[PDB]
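K.L.:
Quick one, target.cif (mmCIF, N, CA and C atoms):
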data_my_file
#
loop_
_atom_site.group_PDB
_atom_site.id
_atom_site.type_symbol
_atom_site.label_atom_id
_atom_site.label_comp_id
_atom_site.auth_asym_id
_atom_site.auth_seq_id
_atom_site.Cartn_x
_atom_site.Cartn_y
_atom_site.Cartn_z
ATOM 1 N N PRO A 244 126.031 145.130 65.309
ATOM 2 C CA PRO A 244 125.714 143.941 66.098
ATOM 3 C C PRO A 244 125.353 142.764 65.210
ATOM 4 N N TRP A 245 124.996 141.667 65.859
ATOM 5 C CA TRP A 245 124.715 140.436 65.149
ATOM 6 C C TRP A 245 123.215 140.225 65.018
ATOM 7 N N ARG A 246 122.824 139.544 63.950
ATOM 8 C CA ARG A 246 121.448 139.121 63.753
ATOM 9 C C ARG A 246 121.362 137.612 63.896
ATOM 10 N N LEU A 247 120.250 137.155 64.445
ATOM 11 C CA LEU A 247 120.095 135.780 64.890
ATOM 12 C C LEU A 247 119.261 134.945 63.938
ATOM 13 N N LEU A 248 119.534 135.034 62.624
ATOM 14 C CA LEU A 248 118.680 134.650 61.496
ATOM 15 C C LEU A 248 117.828 133.406 61.683
ATOM 16 N N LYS A 249 118.402 132.353 62.249
ATOM 17 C CA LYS A 249 117.654 131.143 62.538
ATOM 18 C C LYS A 249 118.229 130.462 63.768
ATOM 19 N N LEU A 250 117.369 130.239 64.755
ATOM 20 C CA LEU A 250 117.702 129.515 65.972
ATOM 21 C C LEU A 250 116.876 128.242 65.994
ATOM 22 N N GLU A 251 117.504 127.129 66.352
ATOM 23 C CA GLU A 251 116.856 125.832 66.325
ATOM 24 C C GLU A 251 117.330 125.017 67.514
ATOM 25 N N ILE A 252 116.452 124.176 68.046
ATOM 26 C CA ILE A 252 116.784 123.332 69.184
ATOM 27 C C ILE A 252 116.835 121.891 68.701
ATOM 28 N N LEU A 253 117.978 121.239 68.908
ATOM 29 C CA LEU A 253 118.183 119.907 68.355
ATOM 30 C C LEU A 253 117.738 118.812 69.310
ATOM 31 N N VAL A 254 117.423 119.166 70.558
ATOM 32 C CA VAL A 254 117.047 118.165 71.546
ATOM 33 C C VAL A 254 115.690 117.589 71.192
ATOM 34 N N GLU A 255 115.624 116.273 71.045
ATOM 35 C CA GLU A 255 114.385 115.644 70.609
ATOM 36 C C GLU A 255 114.211 114.275 71.245
ATOM 37 N N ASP A 256 112.986 114.003 71.673
ATOM 38 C CA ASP A 256 112.519 112.679 72.046
ATOM 39 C C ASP A 256 111.095 112.559 71.541
ATOM 40 N N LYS A 257 110.842 111.581 70.680
ATOM 41 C CA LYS A 257 109.543 111.494 70.034
ATOM 42 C C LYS A 257 108.508 110.752 70.866
ATOM 43 N N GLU A 258 108.716 110.623 72.173
ATOM 44 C CA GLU A 258 107.792 109.927 73.055
ATOM 45 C C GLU A 258 107.270 110.820 74.167
ATOM 46 N N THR A 259 108.154 111.562 74.837
ATOM 47 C CA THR A 259 107.707 112.533 75.829
ATOM 48 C C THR A 259 106.956 113.673 75.162
ATOM 49 N N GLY A 260 107.621 114.384 74.255
ATOM 50 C CA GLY A 260 106.887 115.113 73.245
ATOM 51 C C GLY A 260 106.165 114.123 72.354
ATOM 52 N N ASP A 261 104.833 114.193 72.366
ATOM 53 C CA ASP A 261 103.982 113.103 71.880
ATOM 54 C C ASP A 261 104.008 113.037 70.351
ATOM 55 N N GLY A 262 105.151 112.613 69.828
ATOM 56 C CA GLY A 262 105.341 112.549 68.393
ATOM 57 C C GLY A 262 105.425 113.898 67.726
ATOM 58 N N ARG A 263 105.639 114.961 68.493
ATOM 59 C CA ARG A 263 105.704 116.300 67.947
ATOM 60 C C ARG A 263 107.002 116.916 68.446
ATOM 61 N N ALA A 264 107.236 118.173 68.086
ATOM 62 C CA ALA A 264 108.465 118.853 68.465
ATOM 63 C C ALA A 264 108.502 119.108 69.960
ATOM 64 N N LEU A 265 109.717 119.169 70.506
ATOM 65 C CA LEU A 265 109.881 119.376 71.940
ATOM 66 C C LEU A 265 109.516 120.787 72.347
ATOM 67 N N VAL A 266 109.740 121.749 71.465
ATOM 68 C CA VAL A 266 109.514 123.151 71.770
ATOM 69 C C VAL A 266 108.781 123.796 70.597
ATOM 70 N N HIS A 267 107.651 124.429 70.894
ATOM 71 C CA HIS A 267 106.860 125.067 69.860
ATOM 72 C C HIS A 267 107.576 126.313 69.360
ATOM 73 N N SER A 268 107.251 126.705 68.127
ATOM 74 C CA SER A 268 107.900 127.843 67.477
ATOM 75 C C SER A 268 107.624 129.154 68.195
ATOM 76 N N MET A 269 106.532 129.216 68.964
ATOM 77 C CA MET A 269 106.297 130.341 69.862
ATOM 78 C C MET A 269 107.442 130.514 70.848
ATOM 79 N N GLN A 270 107.839 129.437 71.521
ATOM 80 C CA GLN A 270 108.878 129.570 72.529
ATOM 81 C C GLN A 270 110.246 129.765 71.892
ATOM 82 N N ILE A 271 110.466 129.162 70.725
ATOM 83 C CA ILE A 271 111.707 129.370 69.984
ATOM 84 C C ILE A 271 111.833 130.824 69.556
ATOM 85 N N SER A 272 110.731 131.426 69.110
ATOM 86 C CA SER A 272 110.752 132.838 68.764
ATOM 87 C C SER A 272 110.939 133.715 69.991
ATOM 88 N N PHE A 273 110.422 133.282 71.145
ATOM 89 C CA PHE A 273 110.667 134.023 72.379
ATOM 90 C C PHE A 273 112.150 134.028 72.739
ATOM 91 N N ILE A 274 112.793 132.867 72.663
ATOM 92 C CA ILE A 274 114.223 132.784 72.948
ATOM 93 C C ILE A 274 115.019 133.544 71.896
ATOM 94 N N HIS A 275 114.497 133.592 70.673
ATOM 95 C CA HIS A 275 115.080 134.411 69.615
ATOM 96 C C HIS A 275 115.090 135.881 70.006
ATOM 97 N N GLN A 276 113.959 136.383 70.528
ATOM 98 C CA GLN A 276 113.945 137.768 70.997
ATOM 99 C C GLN A 276 114.864 137.989 72.186
ATOM 100 N N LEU A 277 114.950 137.023 73.098
ATOM 101 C CA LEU A 277 115.756 137.230 74.302
ATOM 102 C C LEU A 277 117.243 137.255 73.968
ATOM 103 N N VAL A 278 117.683 136.341 73.106
ATOM 104 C CA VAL A 278 119.094 136.311 72.745
ATOM 105 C C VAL A 278 119.415 137.460 71.797
ATOM 106 N N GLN A 279 118.437 137.925 71.013
ATOM 107 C CA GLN A 279 118.663 139.116 70.194
ATOM 108 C C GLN A 279 118.821 140.359 71.056
ATOM 109 N N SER A 280 118.048 140.445 72.140
ATOM 110 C CA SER A 280 118.206 141.544 73.082
ATOM 111 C C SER A 280 119.572 141.500 73.751
ATOM 112 N N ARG A 281 119.989 140.327 74.218
ATOM 113 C CA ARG A 281 121.291 140.250 74.859
ATOM 114 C C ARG A 281 122.447 140.366 73.870
ATOM 115 N N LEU A 282 122.200 140.175 72.573
ATOM 116 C CA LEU A 282 123.164 140.611 71.573
ATOM 117 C C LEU A 282 123.205 142.124 71.479
ATOM 118 N N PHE A 283 122.042 142.775 71.589
ATOM 119 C CA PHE A 283 122.016 144.234 71.554
ATOM 120 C C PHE A 283 122.514 144.869 72.845
ATOM 121 N N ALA A 284 122.791 144.068 73.879
ATOM 122 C CA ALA A 284 123.472 144.567 75.063
ATOM 123 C C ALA A 284 124.932 144.906 74.788
ATOM 124 N N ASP A 285 125.514 144.338 73.724
ATOM 125 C CA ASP A 285 126.811 144.719 73.161
ATOM 126 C C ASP A 285 127.973 144.479 74.121
ATOM 127 N N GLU A 286 127.934 143.372 74.855
ATOM 128 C CA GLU A 286 129.096 142.844 75.555
ATOM 129 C C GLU A 286 129.961 142.047 74.585
ATOM 130 N N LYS A 287 130.867 141.239 75.128
ATOM 131 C CA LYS A 287 131.401 140.135 74.336
ATOM 132 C C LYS A 287 130.234 139.200 74.058
ATOM 133 N N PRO A 288 129.716 139.192 72.841
ATOM 134 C CA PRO A 288 128.348 138.707 72.636
ATOM 135 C C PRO A 288 128.210 137.191 72.586
ATOM 136 N N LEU A 289 129.207 136.520 72.010
ATOM 137 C CA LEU A 289 129.071 135.104 71.712
ATOM 138 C C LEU A 289 129.168 134.256 72.965
ATOM 139 N N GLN A 290 129.920 134.715 73.971
ATOM 140 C CA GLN A 290 129.945 134.021 75.247
ATOM 141 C C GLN A 290 128.585 134.065 75.923
ATOM 142 N N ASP A 291 127.921 135.221 75.875
ATOM 143 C CA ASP A 291 126.610 135.355 76.495
ATOM 144 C C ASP A 291 125.565 134.536 75.758
ATOM 145 N N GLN B 246 91.244 114.466 62.124
ATOM 146 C CA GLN B 246 92.403 114.896 62.887
ATOM 147 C C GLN B 246 92.772 113.783 63.848
ATOM 148 N N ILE B 247 93.813 113.042 63.504
ATOM 149 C CA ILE B 247 94.335 111.975 64.359
ATOM 150 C C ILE B 247 95.152 112.612 65.477
ATOM 151 N N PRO B 248 95.171 112.050 66.683
ATOM 152 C CA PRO B 248 96.137 112.504 67.682
ATOM 153 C C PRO B 248 97.556 112.280 67.205
ATOM 154 N N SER B 249 98.427 113.230 67.513
ATOM 155 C CA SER B 249 99.840 112.948 67.384
ATOM 156 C C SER B 249 100.236 111.949 68.455
ATOM 157 N N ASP B 250 101.216 111.093 68.116
ATOM 158 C CA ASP B 250 101.624 109.934 68.961
ATOM 159 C C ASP B 250 100.915 108.702 68.383
ATOM 160 N N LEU B 251 100.027 108.898 67.394
ATOM 161 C CA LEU B 251 99.366 107.782 66.744
ATOM 162 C C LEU B 251 99.552 107.801 65.243
ATOM 163 N N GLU B 252 100.309 108.749 64.725
ATOM 164 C CA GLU B 252 100.531 108.801 63.297
ATOM 165 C C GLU B 252 101.649 107.850 62.905
ATOM 166 N N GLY B 253 101.838 107.699 61.611
ATOM 167 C CA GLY B 253 102.819 106.760 61.124
ATOM 168 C C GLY B 253 102.286 105.352 61.187
ATOM 169 N N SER B 254 103.202 104.404 61.059
ATOM 170 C CA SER B 254 102.861 102.995 61.098
ATOM 171 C C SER B 254 103.768 102.308 62.094
ATOM 172 N N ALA B 255 103.238 101.321 62.791
ATOM 173 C CA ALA B 255 104.014 100.581 63.771
ATOM 174 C C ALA B 255 103.663 99.118 63.640
ATOM 175 N N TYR B 256 104.607 98.254 63.981
ATOM 176 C CA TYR B 256 104.362 96.826 64.001
ATOM 177 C C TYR B 256 105.341 96.143 64.938
ATOM 178 N N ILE B 257 104.878 95.080 65.588
ATOM 179 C CA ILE B 257 105.760 94.257 66.395
ATOM 180 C C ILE B 257 106.583 93.384 65.471
ATOM 181 N N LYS B 258 107.866 93.249 65.771
ATOM 182 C CA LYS B 258 108.772 92.417 65.005
ATOM 183 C C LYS B 258 109.390 91.409 65.947
ATOM 184 N N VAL B 259 109.204 90.127 65.651
ATOM 185 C CA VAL B 259 109.665 89.044 66.507
ATOM 186 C C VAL B 259 110.709 88.255 65.748
ATOM 187 N N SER B 260 111.860 88.045 66.368
ATOM 188 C CA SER B 260 112.958 87.401 65.671
ATOM 189 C C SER B 260 113.680 86.422 66.577
ATOM 190 N N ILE B 261 114.213 85.367 65.975
ATOM 191 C CA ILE B 261 115.062 84.396 66.649
ATOM 192 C C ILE B 261 116.433 84.478 66.010
ATOM 193 N N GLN B 262 117.471 84.595 66.832
ATOM 194 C CA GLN B 262 118.826 84.706 66.331
ATOM 195 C C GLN B 262 119.779 83.969 67.255
ATOM 196 N N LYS B 263 120.908 83.539 66.690
ATOM 197 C CA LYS B 263 122.013 82.976 67.464
ATOM 198 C C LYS B 263 123.120 84.021 67.566
ATOM 199 N N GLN B 264 122.965 84.902 68.548
ATOM 200 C CA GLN B 264 123.768 86.109 68.630
ATOM 201 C C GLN B 264 123.696 86.645 70.056
ATOM 202 N N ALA B 265 124.672 87.471 70.408
ATOM 203 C CA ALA B 265 124.616 88.229 71.649
ATOM 204 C C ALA B 265 123.505 89.271 71.599
ATOM 205 N N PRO B 289 87.448 106.029 51.674
ATOM 206 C CA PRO B 289 88.639 105.226 51.903
ATOM 207 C C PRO B 289 89.864 106.077 52.105
ATOM 208 N N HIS B 290 89.712 107.393 52.040
ATOM 209 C CA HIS B 290 90.830 108.245 52.412
ATOM 210 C C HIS B 290 91.033 108.241 53.914
ATOM 211 N N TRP B 291 89.973 108.527 54.668
ATOM 212 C CA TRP B 291 90.091 108.557 56.119
ATOM 213 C C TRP B 291 90.154 107.152 56.697
ATOM 214 N N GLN B 292 89.683 106.166 55.932
ATOM 215 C CA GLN B 292 89.662 104.782 56.393
ATOM 216 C C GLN B 292 91.068 104.266 56.618
ATOM 217 N N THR B 293 91.980 104.602 55.705
ATOM 218 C CA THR B 293 93.368 104.181 55.822
ATOM 219 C C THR B 293 94.031 104.813 57.030
ATOM 220 N N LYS B 294 93.794 106.114 57.229
ATOM 221 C CA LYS B 294 94.375 106.837 58.353
ATOM 222 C C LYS B 294 93.895 106.285 59.682
ATOM 223 N N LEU B 295 92.591 106.039 59.794
ATOM 224 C CA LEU B 295 92.054 105.589 61.070
ATOM 225 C C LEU B 295 92.429 104.143 61.355
ATOM 226 N N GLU B 296 92.507 103.303 60.317
ATOM 227 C CA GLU B 296 92.971 101.935 60.515
ATOM 228 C C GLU B 296 94.428 101.899 60.940
ATOM 229 N N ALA B 297 95.268 102.742 60.329
ATOM 230 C CA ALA B 297 96.680 102.765 60.684
ATOM 231 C C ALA B 297 96.886 103.277 62.101
ATOM 232 N N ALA B 298 96.122 104.288 62.506
ATOM 233 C CA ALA B 298 96.271 104.808 63.856
ATOM 234 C C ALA B 298 95.746 103.826 64.892
ATOM 235 N N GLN B 299 94.692 103.089 64.557
ATOM 236 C CA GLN B 299 94.194 102.080 65.482
ATOM 237 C C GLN B 299 95.171 100.933 65.617
ATOM 238 N N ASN B 300 95.836 100.573 64.520
ATOM 239 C CA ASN B 300 96.856 99.539 64.576
ATOM 240 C C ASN B 300 98.040 99.974 65.417
ATOM 241 N N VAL B 301 98.419 101.248 65.316
ATOM 242 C CA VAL B 301 99.507 101.773 66.132
ATOM 243 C C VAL B 301 99.135 101.728 67.603
ATOM 244 N N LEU B 302 97.883 102.056 67.915
ATOM 245 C CA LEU B 302 97.413 102.008 69.292
ATOM 246 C C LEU B 302 97.446 100.591 69.848
ATOM 247 N N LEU B 303 97.068 99.610 69.037
ATOM 248 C CA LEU B 303 97.075 98.243 69.531
ATOM 249 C C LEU B 303 98.493 97.712 69.689
ATOM 250 N N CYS B 304 99.413 98.120 68.815
ATOM 251 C CA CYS B 304 100.802 97.695 68.988
ATOM 252 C C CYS B 304 101.415 98.302 70.238
ATOM 253 N N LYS B 305 101.053 99.546 70.560
ATOM 254 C CA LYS B 305 101.522 100.138 71.805
ATOM 255 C C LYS B 305 100.940 99.424 73.011
ATOM 256 N N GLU B 306 99.680 98.998 72.914
ATOM 257 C CA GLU B 306 99.059 98.232 73.990
ATOM 258 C C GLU B 306 99.779 96.913 74.218
ATOM 259 N N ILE B 307 100.105 96.220 73.123
ATOM 260 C CA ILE B 307 100.796 94.937 73.194
ATOM 261 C C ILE B 307 102.153 95.099 73.842
ATOM 262 N N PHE B 308 102.911 96.098 73.395
ATOM 263 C CA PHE B 308 104.269 96.215 73.894
ATOM 264 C C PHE B 308 104.300 96.719 75.326
ATOM 265 N N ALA B 309 103.305 97.514 75.725
ATOM 266 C CA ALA B 309 103.225 97.900 77.127
ATOM 267 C C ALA B 309 102.972 96.693 78.010
ATOM 268 N N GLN B 310 102.075 95.803 77.573
ATOM 269 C CA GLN B 310 101.813 94.571 78.312
ATOM 270 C C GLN B 310 103.057 93.702 78.415
ATOM 271 N N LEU B 311 103.765 93.538 77.296
ATOM 272 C CA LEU B 311 104.941 92.680 77.267
ATOM 273 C C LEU B 311 106.071 93.235 78.114
ATOM 274 N N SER B 312 106.318 94.541 78.025
ATOM 275 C CA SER B 312 107.437 95.118 78.754
ATOM 276 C C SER B 312 107.166 95.154 80.246
ATOM 277 N N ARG B 313 105.912 95.379 80.638
ATOM 278 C CA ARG B 313 105.599 95.340 82.059
ATOM 279 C C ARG B 313 105.736 93.929 82.608
ATOM 280 N N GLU B 314 105.316 92.921 81.835
ATOM 281 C CA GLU B 314 105.462 91.549 82.309
ATOM 282 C C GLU B 314 106.918 91.115 82.315
ATOM 283 N N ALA B 315 107.737 91.708 81.457
ATOM 284 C CA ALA B 315 109.155 91.381 81.465
ATOM 285 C C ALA B 315 109.845 91.966 82.677
ATOM 286 N N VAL B 316 109.507 93.205 83.019
ATOM 287 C CA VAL B 316 110.210 93.852 84.120
ATOM 288 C C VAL B 316 109.725 93.313 85.455
ATOM 289 N N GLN B 317 108.417 93.237 85.658
ATOM 290 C CA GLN B 317 107.897 93.032 87.001
ATOM 291 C C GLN B 317 107.662 91.575 87.367
ATOM 292 N N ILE B 318 107.226 90.741 86.427
ATOM 293 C CA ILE B 318 106.937 89.354 86.765
ATOM 294 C C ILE B 318 108.228 88.555 86.808
ATOM 295 N N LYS B 319 108.451 87.857 87.918
ATOM 296 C CA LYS B 319 109.631 87.018 88.076
ATOM 297 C C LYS B 319 109.479 85.762 87.238
ATOM 298 N N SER B 320 110.432 85.535 86.345
ATOM 299 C CA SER B 320 110.388 84.380 85.470
ATOM 300 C C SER B 320 111.760 83.743 85.402
ATOM 301 N N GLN B 321 111.773 82.504 84.924
ATOM 302 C CA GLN B 321 113.015 81.829 84.603
ATOM 303 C C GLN B 321 113.703 82.552 83.455
ATOM 304 N N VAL B 322 115.034 82.615 83.529
ATOM 305 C CA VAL B 322 115.985 83.280 82.624
ATOM 306 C C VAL B 322 115.506 84.672 82.214
ATOM 307 N N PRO B 323 115.742 85.669 83.061
ATOM 308 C CA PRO B 323 115.060 86.960 82.933
ATOM 309 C C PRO B 323 115.446 87.727 81.677
ATOM 310 N N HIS B 324 114.658 88.750 81.380
ATOM 311 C CA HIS B 324 114.746 89.455 80.122
ATOM 312 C C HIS B 324 115.319 90.845 80.330
ATOM 313 N N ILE B 325 115.619 91.508 79.220
ATOM 314 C CA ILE B 325 116.147 92.864 79.220
ATOM 315 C C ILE B 325 115.252 93.716 78.341
ATOM 316 N N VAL B 326 114.738 94.807 78.889
ATOM 317 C CA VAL B 326 113.891 95.728 78.150
ATOM 318 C C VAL B 326 114.596 97.069 78.086
#
Would you kindly transcribe this structure into structure tokens?

P.N.:
Amino acid sequence: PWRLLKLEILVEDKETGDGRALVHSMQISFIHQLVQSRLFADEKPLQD
Amino acid sequence: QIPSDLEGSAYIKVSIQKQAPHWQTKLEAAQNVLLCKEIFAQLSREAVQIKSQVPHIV
């Protein structure tokens, strides 16, 4: 299977997010686990 | 610890064209950023809401 070495979110607005990142690394790591799990589901993986 | 949204430096820039002590520096810069945000909020609200001759674009 595939490993998800680094996942990053490029969506940014430096005003709504109060001069900080839009998504904290906690939530990015959560999505990292979720997409790693659905990679381990072993379908056609890249579409999912 | 300064609030985020107040870091960096900001300044109002006004132009006319024919076209279409360590902590002291930090706290002064953040206070200046706060006052520039206050100024521009006042200006943009008066531009949008107050009816004036030859209206503006914000």

K.L.:
Point out the residue among A:260, A:281, A:290, A:246 with the least atom-to-atom distance to chain B, counting only C-alpha atoms.

P.N.:
A:260

K.L.:
Chain A: which residues are alpha helix (DSSP H) by DSSP, as a list in words?

P.N.:
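Residues meeting the alpha helix (DSSP H) criterion: residues 268, 269, 270, 271, 272, 273, 274, 275, 276, 277, 278, 279, 280, 281, 282 and 283 of chain A.
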
K.L.:
Select residues of chain A: the criterion is any atom within 6.5 Å of an atom of chain B, counting only N, CA and C atoms; output as a CSV table (one decimal) with N, CA and C atoms, keeping the file's coordinate frame.

P.N.:
chain,number,residue,atom,x,y,z
A,261,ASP,N,104.8,114.2,72.4
A,261,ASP,CA,104.0,113.1,71.9
A,261,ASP,C,104.0,113.0,70.4
A,262,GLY,N,105.2,112.6,69.8
A,262,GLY,CA,105.3,112.5,68.4
A,262,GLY,C,105.4,113.9,67.7
A,263,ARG,N,105.6,115.0,68.5
A,263,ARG,CA,105.7,116.3,67.9
A,263,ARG,C,107.0,116.9,68.4

K.L.:
Under the PyMOL selection byres (((chain B and resi 326 and name CA) around 12) and name CA), which residues of this model are included? Write them out as a list in words.

P.N.:
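Answer for the PyMOL selection byres (((chain B and resi 326 and name CA) around 12) and name CA): residues 308, 309, 311, 312, 313, 314, 315, 316, 317, 323, 324 and 325 of chain B.
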
K.L.:
List the residues matched by the PyMOL selection byres ((chain B and resi 257) around 8) in the displayed structure as a PDB file with N, CA and C atoms, in the frame of the given file, ordered by chain and then by residue number.

P.N.:
ATOM      1  N   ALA B 255     103.238 101.321  62.791  1.00  0.00           N
ATOM      2  CA  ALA B 255     104.014 100.581  63.771  1.00  0.00           C
ATOM      3  C   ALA B 255     103.663  99.118  63.640  1.00  0.00           C
ATOM      4  N   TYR B 256     104.607  98.254  63.981  1.00  0.00           N
ATOM      5  CA  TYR B 256     104.362  96.826  64.001  1.00  0.00           C
ATOM      6  C   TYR B 256     105.341  96.143  64.938  1.00  0.00           C
ATOM      7  N   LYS B 258     107.866  93.249  65.771  1.00  0.00           N
ATOM      8  CA  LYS B 258     108.772  92.417  65.005  1.00  0.00           C
ATOM      9  C   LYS B 258     109.390  91.409  65.947  1.00  0.00           C
ATOM     10  N   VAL B 259     109.204  90.127  65.651  1.00  0.00           N
ATOM     11  CA  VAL B 259     109.665  89.044  66.507  1.00  0.00           C
ATOM     12  C   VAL B 259     110.709  88.255  65.748  1.00  0.00           C
ATOM     13  N   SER B 260     111.860  88.045  66.368  1.00  0.00           N
ATOM     14  CA  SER B 260     112.958  87.401  65.671  1.00  0.00           C
ATOM     15  C   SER B 260     113.680  86.422  66.577  1.00  0.00           C
ATOM     16  N   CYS B 304      99.413  98.120  68.815  1.00  0.00           N
ATOM     17  CA  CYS B 304     100.802  97.695  68.988  1.00  0.00           C
ATOM     18  C   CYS B 304     101.415  98.302  70.238  1.00  0.00           C
ATOM     19  N   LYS B 305     101.053  99.546  70.560  1.00  0.00           N
ATOM     20  CA  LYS B 305     101.522 100.138  71.805  1.00  0.00           C
ATOM     21  C   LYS B 305     100.940  99.424  73.011  1.00  0.00           C
ATOM     22  N   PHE B 308     102.911  96.098  73.395  1.00  0.00           N
ATOM     23  CA  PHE B 308     104.269  96.215  73.894  1.00  0.00           C
ATOM     24  C   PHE B 308     104.300  96.719  75.326  1.00  0.00           C
TER      25      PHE B 308
END

K.L.:
Which value, in Å to one decimal, gives the distance between atom CA of residue 252 of chain A and atom CA of residue 280 of chain A?

P.N.:
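That distance, rounded to one decimal, is 18.7 Å.
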
K.L.:
Quick check, in Å to one decimal: how far apart do atom N of residue 286 of chain A and atom CA of residue 270 of chain A lie?

P.N.:
23.6 Å

K.L.:
As an exercise, work out the distance from atom CA of residue 254 of chain A to atom CA of residue 279 of chain A in Å and give it to one decimal place.

P.N.:
21.1 Å

K.L.:
Using all atoms of segment 305-324 of chain B listed in the file and a margin of 6 Å per side, can you give the axis-aligned box centre and edge lengths in Å to one decimal, as JSON?

P.N.:
{"center_x": 107.5, "center_y": 91.0, "center_z": 79.3, "size_x": 28.9, "size_y": 30.3, "size_z": 29.5}

K.L.:
Go through A:289, A:277, A:271, A:282 one by one, measure the shortest atom-to-atom distance of each to residue 249 of chain A using only C-alpha atoms, and give the residue with the smallest value.

P.N.:
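Nearest to residue 249 of chain A: A:271.
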
K.L.:
Ranking A:284, A:274, A:264, A:269 by minimum distance to residue 250 of chain A and counting all atoms listed in the file, which one comes first?

P.N.:
A:274
